[PDB]
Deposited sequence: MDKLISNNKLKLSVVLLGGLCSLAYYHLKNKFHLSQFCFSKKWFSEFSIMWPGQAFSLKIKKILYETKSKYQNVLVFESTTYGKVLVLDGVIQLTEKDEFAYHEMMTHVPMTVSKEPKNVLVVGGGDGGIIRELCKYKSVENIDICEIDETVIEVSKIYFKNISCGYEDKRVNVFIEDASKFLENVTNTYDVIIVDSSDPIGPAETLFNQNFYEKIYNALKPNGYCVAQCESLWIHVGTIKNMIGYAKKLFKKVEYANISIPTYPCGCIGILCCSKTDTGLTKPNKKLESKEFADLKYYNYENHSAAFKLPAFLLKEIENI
């Protein structure tokens, strides 16, 4: 059998590879190359421009932490925006909250959504929920155009003007979490991201998620708060039957994810 290998100038000198049991789908969309394959040991894999987007075996780690960190801090979130995230994993976690009344997702490439609906049914199931509204659209145009404000915005996608638009689209006590780089390779980028956020948000925090199929085995969450209390401590426990199946997130893990290695703390305490 052949092997998929993940190369990139963003992590030069290293690569991760998965063994292919069988290729399922391949296309070039208007925006990116799309590959779906069944791996031998990580279940199905989604690849965009040769970079792994998710695998069945571990996606719960990233989707649970990205969603339940902000959603357990926000008191009674009613309206939530997902930027990027065509695969639907965040939306699947969001639908577990009965308080939520509306979920907007903005994804520029509908092929991602369609491929996820077809090949990743246990990840894209949230799309069948009546609260979920899909916008095939560039996120800057969406954010500039939306009239509603959001309690939580979750940026599930790899700019200082952009974070102004996020801030304006948030309620007064709203929160934004954004995917934000591995601490093992792009500390310079993390510093820039915290710098951009701190000009607008009064509380900017960084958490780490362990996930083996992202480069270096982990990925950060940039956490932006308009209030002074920040996002490190949940205000609620996920006890109802909808959360009985959670596989990574729990009340203790939430806080622990913000306890960073000493070298990173040193780089970012002076920003």
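According to the record, no C-alpha positions are given for deposited positions 1-40, 199-208, numbered from 1.
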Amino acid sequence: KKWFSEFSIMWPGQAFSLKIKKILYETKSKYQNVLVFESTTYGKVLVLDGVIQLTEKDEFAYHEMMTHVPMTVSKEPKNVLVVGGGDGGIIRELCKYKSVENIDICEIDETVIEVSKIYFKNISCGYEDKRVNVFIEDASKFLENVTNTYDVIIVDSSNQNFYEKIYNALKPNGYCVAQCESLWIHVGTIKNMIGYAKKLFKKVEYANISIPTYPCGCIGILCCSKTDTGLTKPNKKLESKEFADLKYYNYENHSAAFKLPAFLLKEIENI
From here on, numbers count along this sequence of modelled residues.
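In this crystal structure, the stretch out of 197-205 and 169-177 whose C-alpha atoms carry the higher mean B factor is 197-205.
When the two stretches 144-152 and 187-195 are set side by side, the higher mean Cα temperature factor goes to 187-195. Highest CA B-factor among 79, 116, 160, 72, as stated in the entry: 160.
The maximum CA B-factor among the listed residues 9, 18, 15, 256, taken from the PDB record, is found at 9. In the PDB entry, residue 49 places in the middle third of its chain by CA B-factor. Per-chain ranking of the deposited C-alpha B factor places residue 125 in the highest third. In the deposited entry, the Cα temperature factor of residue 68 places it in the lowest third of its chain's modelled residues. Per-chain ranking of the deposited C-alpha B factor places residue 219 in the lowest third.
Compared with the other modelled residues of the chain, the Cα B-factor recorded for residue 102 ranks in the lowest third.
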